[PDB]
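Let's start with one chain on its own, the form whose entry title says "closed state", as structure tokens.
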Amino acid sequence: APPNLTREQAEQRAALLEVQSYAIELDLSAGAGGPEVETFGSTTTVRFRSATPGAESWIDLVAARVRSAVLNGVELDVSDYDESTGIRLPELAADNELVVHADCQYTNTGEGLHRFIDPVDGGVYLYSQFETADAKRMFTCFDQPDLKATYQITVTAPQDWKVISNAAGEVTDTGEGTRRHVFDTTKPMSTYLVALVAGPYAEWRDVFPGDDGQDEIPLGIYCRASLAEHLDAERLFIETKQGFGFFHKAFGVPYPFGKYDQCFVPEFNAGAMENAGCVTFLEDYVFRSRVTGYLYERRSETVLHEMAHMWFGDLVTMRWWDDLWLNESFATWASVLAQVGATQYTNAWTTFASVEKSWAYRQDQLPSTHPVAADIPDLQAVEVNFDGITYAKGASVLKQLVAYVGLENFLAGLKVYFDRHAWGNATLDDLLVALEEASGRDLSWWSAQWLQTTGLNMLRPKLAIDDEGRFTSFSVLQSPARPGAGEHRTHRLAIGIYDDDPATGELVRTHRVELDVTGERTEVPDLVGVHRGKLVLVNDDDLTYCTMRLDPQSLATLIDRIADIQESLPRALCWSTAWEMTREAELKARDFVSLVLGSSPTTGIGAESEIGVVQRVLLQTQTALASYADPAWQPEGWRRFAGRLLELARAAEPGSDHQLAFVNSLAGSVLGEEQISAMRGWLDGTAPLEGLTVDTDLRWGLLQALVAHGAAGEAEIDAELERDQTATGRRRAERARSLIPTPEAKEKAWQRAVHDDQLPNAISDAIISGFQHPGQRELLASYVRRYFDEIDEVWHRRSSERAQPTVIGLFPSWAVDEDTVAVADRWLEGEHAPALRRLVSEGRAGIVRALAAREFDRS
């Protein structure tokens, strides 16, 4: 039970103490033995000062055993040591030295020093994960972000292991089967960013050359030896170098650390983590099979997100976890800026509008919404009070702050902020003050308007035109923020006018005006006299966070000609408005389906050039069909969708990303006999689709679809697993087994996913990922009751990180009916953990919205 540090306790300890240095010695010599190895030696020497001689404090440590603790030469009594109370430090002097010898535990969870044994070759791999407060599982420390210090880490490790930390180091043979790795003393940094990766990782090396008073940066990439054949190091290094050329120019500050290593690590819960000089990534970013450009784009965005943190987060750190939203929102915004500015992903604002903004809007339009900023009174509150809306809306609203301040001004402000707070801590207010000084804006009201509120403003044009089609008047109308307190926010936004390009017949932007929009109505004098064209967007360039609506002529143009919009971003904003309208019972599901499917090679989603938009819109369509369409129309809708997607798959360029996307969308669809027959032929090779690479993972996707339709079963799944006898094959097999369309199979899947804790986590998740399928809704009816009866116990029995996939993934989102709402209502009258209630409330809210949309679809 590690401690639940409170904000006030952190403040008290930060007021009293200042830490200079940690010197850490880790004995990992036993670490390459079998699963019976539990502990490693951890010695820490801390030097720190106290503002009050004679005061008492405490230091943190989660250890199996504390052998010794000595403060200023006095042995401390560690006989009653408990991880929840750490080590008390009585009678402090002005200057202090503490030496602790302990045995700490390896973990197989999301916290501390994680240990994994590779079943392919028996290699043993370690990596640390410390955010928020798990550094205390590896060494003794004042584990809070505002007590920065330097770290000098020495490790003794098995001789065949590489060892990577925050700084570069020197390695010497001990002649005792081990090597000693002495890392340079780091620059001052927070404990949660200290890193250690160790094991027989494969290594690739490169360098980002010295560039305009930034020292050269040595670069490394690491992954498990068993994955190395599929790691595309050269592409990763290209993107990495593009980021390092971009960020020091945008931020006006050189890379603050000495080198940069990126490690793909096993069983990683956290996704990616910005440890200074030593970034960790999940292994799903090493692609064994063909994937579309969208996944490469996403991976590059993650790479640049963590790189942005080397400045914002690691050079200058939040004082307390209540600014975690800001840390993440900034890094996401910065990652996309860098994508557009320095990489091949020059359409990344299209992605951000299509994916992140949409994700934000989908959640924030529900009564279950909450603000971005939250009070964080202790560590536990980080894990419960920050979620999907926090991150996607946070990034979205930060993009708007950047617009309101002005991009050049925002970057100037960041330079001052980095200079002013380098090597120390800062808060949101410190940033806002920098931005105010860089722009002349007043930002005193911004937080209250944007970070402490819920809900969306609708923005739409109110226009009047003369006989020539020229505006005589033009206003932006803003609705009250809902669901929420109805404020009218202040935005910086752009209005774009679009009309036919005579040469091509595409819709191109003929006028753009940027302005501040405030209150209920804002006149736009710049547009008086301008030709209205065919389409008006009042959130052109996607600068603000809103519900954009169109005037009637513009809406008719969208419906008739969305695919003729030339640039990807306005076109994506039109897809997003249409989807938002469908979600909110303003556009019928069947009309959204018809817009997406189109009727020709040049209409609908089949004409869309951005693969990420294709993929996302196709997913939204599948959701519209299952959730939002009137049940009596759903079979017809699925027939139309499956038909059109087979046509598109067959018409697509051989070997193209578009081909593969259409095939993958089929694989998640309700399929008719014609499509089942074509898919079988693609899988077994009796009638292949020309150019389609039917590799290991595409075989699984096709087979899974066949299983779901009854066309393949246990024997075929077992045969497939025999040809892909790997960890990934095992997960794919489980998803296929869960898809078997029988009551016995669903019962077994539920039992294993919900009640078998011996299963690895990723096998549990895989099982869950095949439980639902849009063709099998009737098999799932009895699991509405099962879910609500069992989720409390699951939440109690599993950690909340182990419970969430089950709570989210088995929420009965399929059972769109008033009976389900009523079961959920009653559950919600009971006593339950708040984080659980939040998830259940959100799923309930989705069903209520769906019921409303179905009623609209049959109007």
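Numbering starts at 1 and follows the sequence shown. Only the largest set of C-alpha atoms that superpose within 1.5 Å between the two forms is called the rigid core.
Beyond what is shown, the protein has a form whose entry title says "open state"; the following relates to that form.
Looking at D121, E91, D284, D684 after a core superposition between the shown form and the other one, you find that only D684 has a C-alpha shift of 2 Å or more. Comparing the forms between the shown form and the other one, the C-alpha position of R298 differs by less than 2 angstroms, with the core used for superposition.
A displacement of less than 2 angstroms separates the C-alpha positions of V397 between the shown form and the other one, with the rigid core held in common. Core-aligned CA deviation for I376 between the shown form and the other one: less than 2 Å.
Put simply, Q804 and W333 spread apart in that other deposited form: their C-alpha atoms are 3 Å or more farther than in the form shown.
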